[PDB]
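Contents: one structure, followed by commentary.
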Amino acid sequence: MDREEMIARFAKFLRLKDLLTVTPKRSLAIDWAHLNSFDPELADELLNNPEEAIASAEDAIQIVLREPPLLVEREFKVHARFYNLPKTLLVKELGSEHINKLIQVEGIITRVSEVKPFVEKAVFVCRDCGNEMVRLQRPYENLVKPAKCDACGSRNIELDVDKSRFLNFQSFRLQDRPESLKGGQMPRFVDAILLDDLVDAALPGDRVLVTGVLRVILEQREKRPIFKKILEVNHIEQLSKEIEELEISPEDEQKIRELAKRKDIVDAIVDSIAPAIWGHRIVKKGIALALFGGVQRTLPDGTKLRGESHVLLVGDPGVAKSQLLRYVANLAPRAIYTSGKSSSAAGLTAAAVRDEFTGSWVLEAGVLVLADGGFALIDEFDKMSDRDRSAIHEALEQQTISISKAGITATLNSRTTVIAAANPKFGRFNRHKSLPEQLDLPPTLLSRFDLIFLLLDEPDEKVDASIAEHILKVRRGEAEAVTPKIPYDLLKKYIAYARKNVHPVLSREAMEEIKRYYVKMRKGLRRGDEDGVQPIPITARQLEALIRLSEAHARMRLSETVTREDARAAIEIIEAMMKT
Amino acid sequence: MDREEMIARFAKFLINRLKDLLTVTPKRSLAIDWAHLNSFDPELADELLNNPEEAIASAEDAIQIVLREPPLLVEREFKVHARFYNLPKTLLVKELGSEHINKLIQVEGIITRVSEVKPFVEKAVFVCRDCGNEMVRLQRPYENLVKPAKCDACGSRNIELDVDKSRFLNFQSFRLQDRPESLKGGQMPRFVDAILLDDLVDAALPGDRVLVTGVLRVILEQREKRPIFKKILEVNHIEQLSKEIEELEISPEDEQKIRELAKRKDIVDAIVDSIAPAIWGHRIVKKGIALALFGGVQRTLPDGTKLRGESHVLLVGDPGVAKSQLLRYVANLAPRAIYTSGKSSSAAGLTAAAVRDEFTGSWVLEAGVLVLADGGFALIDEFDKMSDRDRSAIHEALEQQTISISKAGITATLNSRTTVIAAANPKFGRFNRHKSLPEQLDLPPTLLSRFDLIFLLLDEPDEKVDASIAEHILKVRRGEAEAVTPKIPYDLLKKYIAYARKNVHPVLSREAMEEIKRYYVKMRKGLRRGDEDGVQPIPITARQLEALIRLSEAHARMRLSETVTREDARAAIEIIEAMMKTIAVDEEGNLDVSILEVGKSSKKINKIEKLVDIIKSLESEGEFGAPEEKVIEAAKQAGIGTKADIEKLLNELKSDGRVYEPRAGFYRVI
């Protein structure tokens with residue numbers, strides 16, 4: 001417990017190879033498993049007494065930096081970071097028992113603050129006498145002012161910024177991942193604070209594995225409710241992909257046996273949606289190709305390929321905007337239900353907020369930024385925010401949201417295949433009017449969507465009958481109309497596993513079938529469709545929507561190669577987006 | 001009392017109760033019972049109720065003395081729930097008084113507010129740097145700034161607190177209100193704020209009935225001052241038994257209800273008994289509200305699939321003196337109902353919202369009438385009168401069965417499952433058949449299509465047929481059977497609703513499903529036509545087909561759970577056909593007026609008016625482009641509308657935001 005000898009016990013341990021390559025850097029990542037082999041009581045003292053043990057670990061770096069084998073320039077700016085800990089907490093695992101204890105909480109960053117300076121050493125001088133007082137203010141403490149002078153006792157003791165040392169400060173809200181943790185309970189957020197060497201280490205909207213010490217802030221008058229769970233961050237690093245992705249290792253032998261059946265294409269379509277719908281089969285294929293997205297390969301020399309197929313499901317509010325966005329959100333991973341109009345200031349994209357405890361322009365990440373690899377099935381896309389409309393074009397052509405706001409100039413990567421759907425602005429639209437003019441969406445925005453399906457309550461005889469027969473039998477509870485072929489938990493593991501391992505590559509026979517379709521759609525039908533200023537039916541951007549659906553149909557097969565019949569399945573669904 | 005007297009008595013009785021608590025050290029509680037302690041010593045059970053301040057603390061030390069013995073020296077389970085789960089008397093919020101202060105009592109009710117889990121500062125030590133005086137000052141939850149002015153050794157003023165030396169426990173503030181199920185008519189519910197502590201916080205959210213037990217404390221009253229009205233109930237034992245105290249009830253009249261249900265006209269007898277016989281003039285309109293008192297079948301399915309069976313009846317365009325307001329007081333016979341208007345006189349409103357509290361500075365989440373009345377009904381006297389913030393959450397509360405409150409930052413998403421039988425007065429003094437339901441109401445058109453049944457009552461204008469039947473059944477009704485003639489009582493009919501909603505679960509047959517499928521497909525072709533440059537209006541939408549099965553499942557609940565529901569499916573579709581004969585019947589069964597503010601012919605004529613406006617919107621023939629005098633001649637010649645009809649559509653485009661007007665005589669498209 002004595003810190004005069006604790007630096008000597010740390011000298012036997014000092015993680016030594018990491019210090020030689022990070023001696024220009026300002027942080028030393030020390031693994032606790034290396035410390036657990038040397039002394040298990042010392043590694044347990046990090047979690048029990050985190051205030052003084054890290055300070056002795058900060059001291060012991062400077063001892064081996066001034067050692068006769070390892071003498072360097074004396075650098076007191078050495079952060080004693082500890083990445084690994086033998087316990088990882090949960091959404092609501094933070095409590096009063098972990099106050100002043102080194103804990104590890106995983107989550108996502110929802111809100112962040114701007115780059116602000118903090119008064120670490122708060123030098124206070126007086127106006128009447130001039131007492132050169134010094135007081136080190138902690139970053140985990142509330143903003144405090146000294147009452148009287150130590151010499152005469154006056155109210156003129158103020159903080160001068162010339163003789164006061166500063167330290168880089170940033171605060172971020174650690175609202176953890178809502179992946180049905182703690183039984184699907186309401187997520188609780190614990191705001192953290194970043195240090196000088198840990199500032200700008202992570203953007204709002206990434207999966208982060210961050211440790212820290214939970215401390216309290218006096219805020220109110222009552223002793224029980226004056227507490228702010230502020231996590232003094234010791235080390236921040238990205239979350240590993242193994243905890244992020246789903247464990248499909250019990251579901252590995254079932255999905256390979258599904259490739260033995262020749263009906264694997266039709267199996268992952270009627271089970272991706274509920275069987276109680278019994279309608280929009282070509283749109284059921286469109287939502288199935290949207291989940292199994294194309295390959296997100298990186299083109300060389302600084303470029304990227306879009307492997308996301310955004311399906312526009314706009315149409316009549318009677319059939320569309322009804323249960324098509326809810327069954328997919330429970331099946332697809334990282335899918336968050338969001339409406340176009342919301343009480344949140346962010347909404348769809350990442351909209352900045354000016355209100356803080358400091359007052360700087362904070363950045364609140366939207367649902368498209370919190371869905372890295374997810375599916376933001378946006379409902380009511382017509383009544384979107386006007387501030388979100390300036391950044392919704394960049395999120396669908398680059399999967400990035402550049403906010404360019406005050407204090408935060410870094411972009412926010414979306415990486416979210418959105419399935420948007422909207423009411424018409426006029427109501428009860430038809431094909432007699434043009435499609436992108438009669439909606440709230442601009443015509444340049446509807447070209448970003450790869451598939452535009454139309455849904456309407458048609459008065460046809462069999463279409464009214466097939467809904468009337470199927471909605472009545474699903475109320476009675478027959479298994480032929482309710483139970484799908486494959487279980488919903490099996491298909492939910494089939495989506496996350498197919499995107500990780502297998503990747504469709506182009507073949508020679510598959511590209512030849514696209515040559516016969518492209519030249520046929522614009523030999524005379526090009527001149528017939530346009531009037532000189534009218535847009536072209538199929539362009540080079542429309543070809544990117546076709547080869548994405550070609551790899552989407554092969555991802556359901558997981559055969560790793562595309563064929564002529566596989567590309568032919570992508571032909572008829574592209575033609576359905578043009579005709580309807 | 002003595003110190004070791006209650007410690008030796010509690011250690012003799014309690015052992016097997018501490019052996020199960022030793023297996024789970026993080027629980028640190030025990031499910032004590034009043035009947036178990038009174039069987040060993042009756043004086044020990046009465047001593048804890050009269051003084052729970054220090055007797056329960058010595059009893060918690062008695063469990064620690066059993067854990068610190070020579071044979072059993074396990075240093076676990078220091079804290080224990082000394083408050084027993086079973087109690088001899090269970091007090092209520094309405095029967096609460098000042099005679100039970102500083103004592104152990106059990107309060108039953110529902111939770112309305114819930115604060116965030118924050119750390120509570122307890123046993124705050126204070127050590128100075130210049131003097132170094134070791135002294136601890138106990139701080140309570142209601143106390144504020146409990147610190148000395150100077151040290152006891154040298155009188156130092158720079159005293160610092162030690163967070164590591166002090167104890168930090170969990171804290172949560174909750175408000176317990178009266179339950180609306182046991183609350184009868186003409187009752188004012190009182191609210192009482194409680195405090196949740198470590199190993200008891202985050203027990204229940206707002207919108208559900210939860211039981212509370214513990215010591216009832218009060219704020220400190222200084223000398224020569226006014227009496228402090230602040231009272232805090234320190235809940236210690238965490239138990240959920242308030243649902244079995246109110247909802248779980250034995251019905252001995254179920255054997256007599258089998259004789260009444262075996263006869264004929266049982267559905268018509270319950271409709272005449274649940275409504276006042278003085279209010280007359282509507283039979284099929286009152287039958288829809290009587291069928292809405294019994295719910296349907298709500299079963300779970302895979303992948304989050306569910307179907308609500310709560311039919312919401314909403315009436316708009318009613319008269320000034322309407323019998324539906326008097327029937328709204330008779331609509332409270334259903335269980336778990338709350339008779340409150342749309343203006344809830346609070347910051348939360350009908351839905352759940354975050355309201356600032358003055359007792360606790362932390363942010364809490366309140367619950368409205370749509371959350372606290374889950375599993376029952378919620379009658380609204382003024383459905384049109386509502387806040388704009390409450391209207392943004394009403395579209396998801398009645399559709400997704402959840403309030404989805406996420407503005408507080410915690411994203412609680414309280415459940416909103418209440419069969420709302422509401423009514424809304426019109427904005428004008430009189431109602432007309434020319435105006436639609438969305439134009440004659442302040443609410444949006446999305447809330448009108450969600451209602452399964454929509455009725456509109458109106459009397460006859462001529463006094464030869466109206467006044468000869470109105471005052472004839474009301475003048476002789478004074479002191480006679482014409483005002484009230486219930487064959488069964490209101491409390492007897494409410495007892496049969498609990499046995500049918502919880503135990504009875506009917507299902508329709510294939511012949512009953514064929515009656516609803518053929519009738520929906522026959523009317524779809526009777527009103528089908530071809531719309532020029534537009535879409536034809538559908539007679540019955542697919543969302544309305546799910547409400548036709550909800551009216552069939554409600555009538556099957558009173559049919560003694562018959563498998564062949566063909567007898568009740570005919571009256572269920574006929575009740576929806578009577579609502580569709582007047583409402584959503586603009587062009588020919590046009591359901592576009594229910595799903596949207598503009599109808600099918602109202603949007604086709606506006607699209608025909610757009611052809612006469614966008615053809616010259618850029619060419620400024622008059623004061624601006626598309627002049628109103630030129631567009632009226634273009635619309636009258638093309639058959640869009642007359643001069644008075646285009647003037648009603650010119651101002652409708654300015655209100656909806658389609659076409660504005662810079663000056664008089666010129667209307668430009670926005």
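Residues are named by chain letter and number: chains run A, B, ... in the order of the structure tokens, numbers start at 1 in each chain, and ligands are numbered from 1 in the order shown.
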Excluding stretch 233-235 of chain A and residues on its chain fewer than 2 positions from it, collect all residues at most 8 Å away from it, counting only C-alpha atoms, and give them as a CSV table (one decimal) with N, CA and C atoms, in the first residue's frame.
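Contents of result25.csv, freshly written:
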```csv
chain,number,residue,atom,x,y,z
A,29,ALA,N,0.7,1.7,-23.3
A,29,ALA,CA,-0.3,0.6,-23.1
A,29,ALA,C,0.3,-0.6,-22.4
A,80,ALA,N,0.3,6.3,-17.9
A,80,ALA,CA,0.3,4.9,-17.5
A,80,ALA,C,-1.1,4.3,-17.9
A,81,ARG,N,-1.2,3.9,-19.1
A,81,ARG,CA,-2.5,3.4,-19.6
A,81,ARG,C,-2.5,1.9,-19.4
A,82,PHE,N,-3.7,1.3,-19.1
A,82,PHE,CA,-4.0,-0.1,-18.9
A,82,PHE,C,-5.1,-0.5,-19.7
A,83,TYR,N,-4.9,-1.2,-20.9
A,83,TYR,CA,-5.9,-1.6,-21.8
A,83,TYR,C,-6.7,-2.8,-21.3
A,192,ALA,N,-18.2,10.4,-19.9
A,192,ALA,CA,-16.8,10.3,-19.6
A,192,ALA,C,-16.0,11.6,-19.9
A,193,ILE,N,-14.7,11.6,-19.6
A,193,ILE,CA,-13.9,12.8,-19.8
A,193,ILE,C,-12.6,12.2,-20.4
A,194,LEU,N,-12.1,12.9,-21.5
A,194,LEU,CA,-10.8,12.5,-22.1
A,194,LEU,C,-9.7,13.3,-21.6
A,195,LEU,N,-8.4,12.8,-21.7
A,195,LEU,CA,-7.3,13.4,-21.2
A,195,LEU,C,-6.5,14.1,-22.3
A,198,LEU,N,-5.3,11.5,-24.7
A,198,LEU,CA,-6.5,10.7,-25.2
A,198,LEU,C,-7.5,11.5,-25.9
A,210,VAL,N,-13.4,1.0,-23.7
A,210,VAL,CA,-12.7,2.1,-22.9
A,210,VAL,C,-12.8,1.7,-21.4
A,211,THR,N,-11.7,1.9,-20.7
A,211,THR,CA,-11.7,1.8,-19.3
A,211,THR,C,-11.7,3.2,-18.6
A,212,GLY,N,-11.9,3.1,-17.3
A,212,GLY,CA,-11.9,4.4,-16.6
A,212,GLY,C,-12.2,4.2,-15.1
A,213,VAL,N,-12.2,5.3,-14.4
A,213,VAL,CA,-12.5,5.3,-12.9
A,213,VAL,C,-13.7,6.1,-12.7
A,231,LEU,N,-16.7,9.1,-15.8
A,231,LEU,CA,-15.7,8.1,-15.9
A,231,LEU,C,-14.4,8.8,-16.3
A,237,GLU,N,-9.5,2.5,-26.5
A,237,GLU,CA,-9.1,1.7,-27.7
A,237,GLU,C,-10.3,1.1,-28.4
```
Which residues, written as JSON, numbers by chain, have at least one atom at most 10 Å from residue A:115, with only C-alpha atoms counted and residues fewer than 2 positions away on the same chain left out?
{"A": [112, 113, 117, 118, 168, 169, 170, 171, 199, 200, 360, 361, 362, 407, 408]}
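Selecting chain B residues within 6 Å of chain A and counting only C-alpha atoms yields residues 118, 119, 120, 121, 141, 142, 143, 144, 168, 169, 170, 410, 411, 412, 513, 517, 533, 534 and 535 of chain B.
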Please indicate the distance in Å from atom CA of residue B:487 to atom CA of residue B:180, rounded to one decimal place.
26.8 Å
Quick one: residues within 8 Å of residue A:555, only C-alpha atoms, excluding same-chain residues fewer than 3 positions away - as an NGL selection string?
:A and (292-294 or 498-499 or 502-504 or 551-552 or 558-560)
Requested write-out: N, CA and C atoms of the selected residues, as a short mmCIF file (atom, residue, chain, number, x, y, z; two decimals), in the first residue's frame:
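Written out: selection_5.cif:
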```cif
data_model
loop_
_atom_site.label_atom_id
_atom_site.label_comp_id
_atom_site.auth_asym_id
_atom_site.auth_seq_id
_atom_site.Cartn_x
_atom_site.Cartn_y
_atom_site.Cartn_z
N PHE A 292 -28.21 -8.94 -47.63
CA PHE A 292 -26.95 -9.52 -48.11
C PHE A 292 -26.32 -8.56 -49.12
N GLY A 293 -25.67 -7.54 -48.58
CA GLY A 293 -25.10 -6.50 -49.42
C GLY A 293 -23.87 -6.98 -50.19
N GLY A 294 -23.46 -6.15 -51.15
CA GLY A 294 -22.30 -6.46 -51.95
C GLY A 294 -21.00 -6.32 -51.17
N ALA A 498 -22.56 -14.76 -43.47
CA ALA A 498 -22.28 -14.70 -44.91
C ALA A 498 -21.50 -13.45 -45.28
N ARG A 499 -21.65 -12.39 -44.51
CA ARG A 499 -20.95 -11.14 -44.82
C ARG A 499 -19.50 -11.17 -44.38
N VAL A 502 -17.51 -15.32 -46.96
CA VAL A 502 -17.61 -15.49 -48.41
C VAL A 502 -17.75 -14.12 -49.07
N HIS A 503 -17.18 -13.99 -50.27
CA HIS A 503 -17.23 -12.76 -51.06
C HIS A 503 -17.37 -13.10 -52.54
N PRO A 504 -18.43 -12.65 -53.20
CA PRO A 504 -18.60 -12.99 -54.62
C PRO A 504 -17.67 -12.19 -55.51
N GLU A 551 -23.87 -9.61 -56.86
CA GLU A 551 -23.19 -10.17 -55.70
C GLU A 551 -24.15 -10.40 -54.54
N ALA A 552 -25.31 -9.75 -54.54
CA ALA A 552 -26.30 -9.96 -53.49
C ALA A 552 -27.01 -11.30 -53.67
N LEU A 558 -23.93 -18.19 -51.20
CA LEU A 558 -22.57 -18.30 -50.66
C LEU A 558 -21.67 -19.19 -51.50
N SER A 559 -21.76 -19.08 -52.83
CA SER A 559 -21.00 -19.97 -53.70
C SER A 559 -19.67 -19.35 -54.12
N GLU A 560 -19.44 -18.08 -53.76
CA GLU A 560 -18.23 -17.27 -53.93
C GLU A 560 -18.00 -16.84 -55.39
#
```
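Taking only C-alpha atoms, the non-local environment of stretch 299-305 of chain A within 10 Å (same-chain residues fewer than 2 positions away omitted) comprises residues 294, 295, 296, 297, 307, 308, 397, 398 and 544 of chain A.
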Restricting it to N, CA and C atoms, dump the selection as a PDB file, in the first residue's frame.
```pdb
ATOM      1  N   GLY A 294     -23.462  -6.152 -51.145  1.00  0.00           N
ATOM      2  CA  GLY A 294     -22.296  -6.456 -51.947  1.00  0.00           C
ATOM      3  C   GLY A 294     -21.001  -6.316 -51.169  1.00  0.00           C
ATOM      4  N   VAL A 295     -19.906  -6.671 -51.839  1.00  0.00           N
ATOM      5  CA  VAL A 295     -18.592  -6.626 -51.207  1.00  0.00           C
ATOM      6  C   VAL A 295     -18.146  -5.173 -51.061  1.00  0.00           C
ATOM      7  N   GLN A 296     -17.720  -4.811 -49.855  1.00  0.00           N
ATOM      8  CA  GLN A 296     -17.218  -3.468 -49.567  1.00  0.00           C
ATOM      9  C   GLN A 296     -15.699  -3.411 -49.702  1.00  0.00           C
ATOM     10  N   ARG A 297     -15.207  -3.764 -50.887  1.00  0.00           N
ATOM     11  CA  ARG A 297     -13.771  -3.790 -51.126  1.00  0.00           C
ATOM     12  C   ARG A 297     -13.220  -2.374 -51.249  1.00  0.00           C
ATOM     13  N   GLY A 307     -20.829  -0.984 -51.538  1.00  0.00           N
ATOM     14  CA  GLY A 307     -21.404  -2.314 -51.513  1.00  0.00           C
ATOM     15  C   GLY A 307     -22.725  -2.375 -50.775  1.00  0.00           C
ATOM     16  N   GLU A 308     -23.448  -1.258 -50.752  1.00  0.00           N
ATOM     17  CA  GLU A 308     -24.722  -1.151 -50.055  1.00  0.00           C
ATOM     18  C   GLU A 308     -25.825  -0.806 -51.045  1.00  0.00           C
ATOM     19  N   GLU A 397     -23.841   8.288 -50.998  1.00  0.00           N
ATOM     20  CA  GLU A 397     -22.937   8.160 -52.135  1.00  0.00           C
ATOM     21  C   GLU A 397     -21.510   7.930 -51.655  1.00  0.00           C
ATOM     22  N   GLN A 398     -21.264   8.187 -50.371  1.00  0.00           N
ATOM     23  CA  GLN A 398     -19.937   8.051 -49.790  1.00  0.00           C
ATOM     24  C   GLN A 398     -19.954   7.330 -48.449  1.00  0.00           C
ATOM     25  N   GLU A 544     -23.879   0.194 -61.498  1.00  0.00           N
ATOM     26  CA  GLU A 544     -23.397  -0.107 -60.152  1.00  0.00           C
ATOM     27  C   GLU A 544     -24.506  -0.689 -59.285  1.00  0.00           C
TER      28      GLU A 544
END
```
Out of stretch 124-232 of chain B, which residues get strand (DSSP E) from DSSP, as a ChimeraX atom specification?
/B:124-128,135-137,159-162,167-177,192-197,209-216
Env of residue A:403: 9 Å cut, atoms = only C-alpha atoms, seq-sep filter 6 positions within chain, self excluded. Answer as a list in words.
residues 350, 351, 352, 363, 391, 409, 410, 411 and 412 of chain A
Output file for the residues above (N, CA and C atoms, as a PDB file, in the first residue's frame):
```pdb
ATOM      1  N   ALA A 350     -26.083  13.212 -38.359  1.00  0.00           N
ATOM      2  CA  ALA A 350     -25.442  13.739 -37.156  1.00  0.00           C
ATOM      3  C   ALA A 350     -25.577  15.256 -37.155  1.00  0.00           C
ATOM      4  N   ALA A 351     -26.526  15.765 -36.376  1.00  0.00           N
ATOM      5  CA  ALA A 351     -26.760  17.197 -36.252  1.00  0.00           C
ATOM      6  C   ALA A 351     -26.092  17.701 -34.979  1.00  0.00           C
ATOM      7  N   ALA A 352     -25.413  18.841 -35.083  1.00  0.00           N
ATOM      8  CA  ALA A 352     -24.690  19.393 -33.946  1.00  0.00           C
ATOM      9  C   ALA A 352     -25.646  20.087 -32.982  1.00  0.00           C
ATOM     10  N   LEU A 363     -21.401  17.630 -30.830  1.00  0.00           N
ATOM     11  CA  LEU A 363     -21.866  16.876 -31.988  1.00  0.00           C
ATOM     12  C   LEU A 363     -22.596  15.635 -31.499  1.00  0.00           C
ATOM     13  N   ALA A 391     -26.946  16.739 -45.519  1.00  0.00           N
ATOM     14  CA  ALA A 391     -25.958  15.688 -45.337  1.00  0.00           C
ATOM     15  C   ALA A 391     -26.480  14.301 -45.684  1.00  0.00           C
ATOM     16  N   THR A 409     -14.548  19.204 -36.998  1.00  0.00           N
ATOM     17  CA  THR A 409     -14.431  19.224 -38.449  1.00  0.00           C
ATOM     18  C   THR A 409     -14.259  17.838 -39.057  1.00  0.00           C
ATOM     19  N   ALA A 410     -14.064  16.808 -38.238  1.00  0.00           N
ATOM     20  CA  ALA A 410     -13.880  15.460 -38.759  1.00  0.00           C
ATOM     21  C   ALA A 410     -15.211  14.871 -39.211  1.00  0.00           C
ATOM     22  N   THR A 411     -15.162  14.082 -40.281  1.00  0.00           N
ATOM     23  CA  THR A 411     -16.362  13.469 -40.824  1.00  0.00           C
ATOM     24  C   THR A 411     -16.781  12.264 -39.986  1.00  0.00           C
ATOM     25  N   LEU A 412     -18.027  11.841 -40.181  1.00  0.00           N
ATOM     26  CA  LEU A 412     -18.607  10.708 -39.465  1.00  0.00           C
ATOM     27  C   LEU A 412     -19.066   9.684 -40.498  1.00  0.00           C
TER      28      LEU A 412
END
```
What's around residue B:440 at 7 Å? Count only C-alpha atoms, leave out sequence neighbours fewer than 2 positions away in its own chain, and write the answer as a PyMOL selection string.
chain B and resi 317+426-427+435-438
Please produce a file of those selected residues containing N, CA and C atoms, as an mmCIF file, in the first residue's frame.
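Now in result-v3.cif:
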```
data_model
loop_
_atom_site.group_PDB
_atom_site.id
_atom_site.type_symbol
_atom_site.label_atom_id
_atom_site.label_comp_id
_atom_site.auth_asym_id
_atom_site.auth_seq_id
_atom_site.Cartn_x
_atom_site.Cartn_y
_atom_site.Cartn_z
ATOM 1 N N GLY B 317 -67.293 15.482 -34.339
ATOM 2 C CA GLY B 317 -68.411 16.216 -34.897
ATOM 3 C C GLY B 317 -69.705 16.062 -34.131
ATOM 4 N N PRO B 426 -66.601 19.228 -32.101
ATOM 5 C CA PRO B 426 -66.177 19.918 -33.323
ATOM 6 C C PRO B 426 -65.752 21.349 -33.038
ATOM 7 N N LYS B 427 -64.966 21.904 -33.966
ATOM 8 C CA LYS B 427 -64.504 23.280 -33.814
ATOM 9 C C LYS B 427 -65.613 24.281 -34.110
ATOM 10 N N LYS B 435 -68.600 18.284 -44.951
ATOM 11 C CA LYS B 435 -67.226 18.268 -44.473
ATOM 12 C C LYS B 435 -66.840 16.875 -43.992
ATOM 13 N N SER B 436 -65.569 16.532 -44.190
ATOM 14 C CA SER B 436 -65.061 15.232 -43.789
ATOM 15 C C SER B 436 -64.716 15.224 -42.301
ATOM 16 N N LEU B 437 -64.282 14.059 -41.822
ATOM 17 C CA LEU B 437 -63.904 13.931 -40.415
ATOM 18 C C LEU B 437 -62.576 14.609 -40.112
ATOM 19 N N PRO B 438 -61.586 14.601 -41.007
ATOM 20 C CA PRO B 438 -60.326 15.294 -40.696
ATOM 21 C C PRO B 438 -60.426 16.803 -40.818
#
```
